[PDB]
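The chain below stands alone and is given in structure tokens; this is the form deposited in one PDB entry.
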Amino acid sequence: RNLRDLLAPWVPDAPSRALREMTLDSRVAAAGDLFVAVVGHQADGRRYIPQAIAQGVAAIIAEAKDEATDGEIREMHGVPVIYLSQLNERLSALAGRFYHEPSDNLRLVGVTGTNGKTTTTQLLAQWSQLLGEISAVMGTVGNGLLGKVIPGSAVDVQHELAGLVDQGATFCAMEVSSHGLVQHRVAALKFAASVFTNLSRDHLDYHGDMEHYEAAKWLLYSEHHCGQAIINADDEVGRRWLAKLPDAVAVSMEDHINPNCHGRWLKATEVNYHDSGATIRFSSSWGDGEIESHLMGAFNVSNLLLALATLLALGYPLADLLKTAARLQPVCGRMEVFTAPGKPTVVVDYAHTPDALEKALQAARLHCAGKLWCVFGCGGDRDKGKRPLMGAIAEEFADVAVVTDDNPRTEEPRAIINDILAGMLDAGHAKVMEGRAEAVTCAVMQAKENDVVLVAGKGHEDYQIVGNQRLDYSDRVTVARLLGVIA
């Protein structure tokens, strides 16, 4: 890494200097580093240029705004200080070149939208790896090769992607936040494909506001290397954008494919939601098929079809995708289904808010021929407001509400249960059982063969906090042992 080569596209004159790492933070800026001095959130990194020099940085790239002309080369204490206009906009391109263009050295798929980003990224990473890629994820769970995800600026993004390229990744599924896109955090990334899941924005009912929002987003999209566009046509904004993008792939499970356009498309024609997942029959411009999904609910059909359409658009053969679909797993503790011969279906989900609990029960209901059971509780020593709202949701969307403990901490466990029941029309209809393990056992052992039991609030968490004690406890392990299977 050399300052002169780094800046060659923008500053022909730049001096020769070996560079170690690239950093925005003057505190960790060490001997041989490139310090990048940006102006942002009422913060000016140029203030810290003297401190970075005193720590032996090899060179500095600084915002030109009010201090210098674009491309101006200065020298302080024998350290080159190069000023660039609009450095926030160019940081992605600068760090891309510094880290040897990692998005040009693997197949990068970006996923944007309010919901299903995490699941769609995991499905893309899992499916590509089943077809022979070494796959990685970048997102909210964390970054890393698949099965080794470890829990953020335009530099960090480029640095992390170069880390994955160095570990042998050939494929990366990246969650892209609306906030990341607007702050130019992925401005220079070469996306092989861009997936749009859906928009639950709200606050856009004035056609003036909907116009500006869209205008801002169209402008951003026009400036990125998006590659193949894959768009959920079951979203209203999705359809308006597909109307303007004749090369984009339209994906639907609700009959919104317009076949007159003669573009690329994929649509579920029928879904059977059963006790262990979904049978998805679909048509596409690539050919037709039937997938056996081990994921639960309508939203996970959508997420799976977006991942399928994306991998087809990148040229993965339909026959190989169909052969590997049954090996796609849920995100651990996200609508994770546990089935055993002649036992009720049990779903472990992390839902611990009223909206997540309603969504998990509506999803579970689609797979439920008999009665839907809901085992849940609320955390102690936290906001009490959700307690009656989660009671009312369990009473409405489940047939049997089993109220139990969930990390009661120092709070009287029964007091929490009382707050939950208070939100119900008929508390007497709720079943209460303390011991979480005992309440889970009660549901699982009493539920009929064609019932579904949703065990909500913990998902993947392997602890129950009682007092100051983090006790060893897993919903997944408890359910697995009762059903006679392995967690």
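Note that the rigid core is defined as the largest set of C-alphas that superpose within 1.5 Å between two forms. Just count from 1 along the sequence shown to find any residue number.
- Message: Quick test of your reading: does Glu336 have no coordinates in a third or more of the other entries compared?
- Response: No, none of the compared structures omit it.
- Task: Look at the other compared PDB entries that model both sides of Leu204, then say whether a third or more of them leave it out.
- Result: Yes, a third or more of the compared structures omit it.
- Message: How big is the unmodelled gap, if any, between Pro151 and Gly152 relative to the deposited sequence? Choose none, 1 to 3, 4 to 9, or 10 or more.
- Response: Per the deposited record, the segment joining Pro151 and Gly152 lacks coordinates for 4 to 9 residues.
- Message: If you take the mean CA temperature factor per stretch, which one wins between 345-353 and 193-201?
- Response: On average, C-alpha B-factors are higher across 193-201.
- Is the mean CA B factor in the deposited entry higher across 28-36 or across 443-451? 28-36 has the higher mean C-alpha B-factor.
- Task: Pick out which of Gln86, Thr112, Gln158, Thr324 has the highest C-alpha B-factor in the PDB entry.
- Result: Largest recorded C-alpha B-factor: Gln86.
- Query: At the C-alpha atoms, which of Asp405, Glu358, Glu236, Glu101 reaches the highest B-factor in this entry?
  - Reply: That would be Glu236.
- Message: Ranking every modelled residue in this chain by its Cα temperature factor as given in the entry, which third contains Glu438?
- Response: It falls in the bottom third of the chain.
- Task: Tell me, lowest, middle or highest third: where does the Cα B factor of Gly142 rank within its chain?
- Result: Within its chain, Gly142 is a highest-third residue by C-alpha B-factor, going by the deposited values.
- Task: For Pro330, return the chain-relative third of its C-alpha B-factor as stated in the PDB record: lowest, middle or highest.
- Result: For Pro330, the deposited C-alpha B-factor lands in the middle third.
- Task: Going by the recorded CA B-factors, say which third of the chain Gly45 sits in, lowest, middle or highest.
- Result: It belongs to the highest third of the chain when residues are ordered by C-alpha B-factor.
- Message: Test of reading the entry: by CA B factor among the chain's modelled residues, which third contains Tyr206?
- Response: CA B-factor rank for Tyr206: highest third.
Keep in mind that the form deposited in another entry is missing from the display, and what follows is about it.
- Taking the rigid core as reference, does the Cα of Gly342 move 2 Å or more between the shown form and the other one? For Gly342, whose C-alpha is compared between the shown form and the other one after core superposition, the shift is 2 Å or more.
- Exceeds or equals 2 Å, Cα of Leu19 between the shown form and the other one, core fit: The answer is no, as the C-alpha of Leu19 shifts between the shown form and the other one by less than 2 Å after core alignment.
- Item | Core-superposed C-alpha of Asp235 shifting 2 Å or more between the shown form and the other one | No, the C-alpha moves less than 2 Å.
- Just say closer or farther for the C-alpha distance from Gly142 to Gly333 in that other deposited form, relative to the shown form; it changes by 3 Å or more. The answer is closer, because the C-alphas of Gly142 and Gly333 approach each other in that other deposited form by 3 Å or more.
- Shift in CA distance, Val111 and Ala456, in that other deposited form relative to the form shown here, given it is 3 Å or more: The answer is closer, because the C-alphas of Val111 and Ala456 approach each other in that other deposited form by 3 Å or more.
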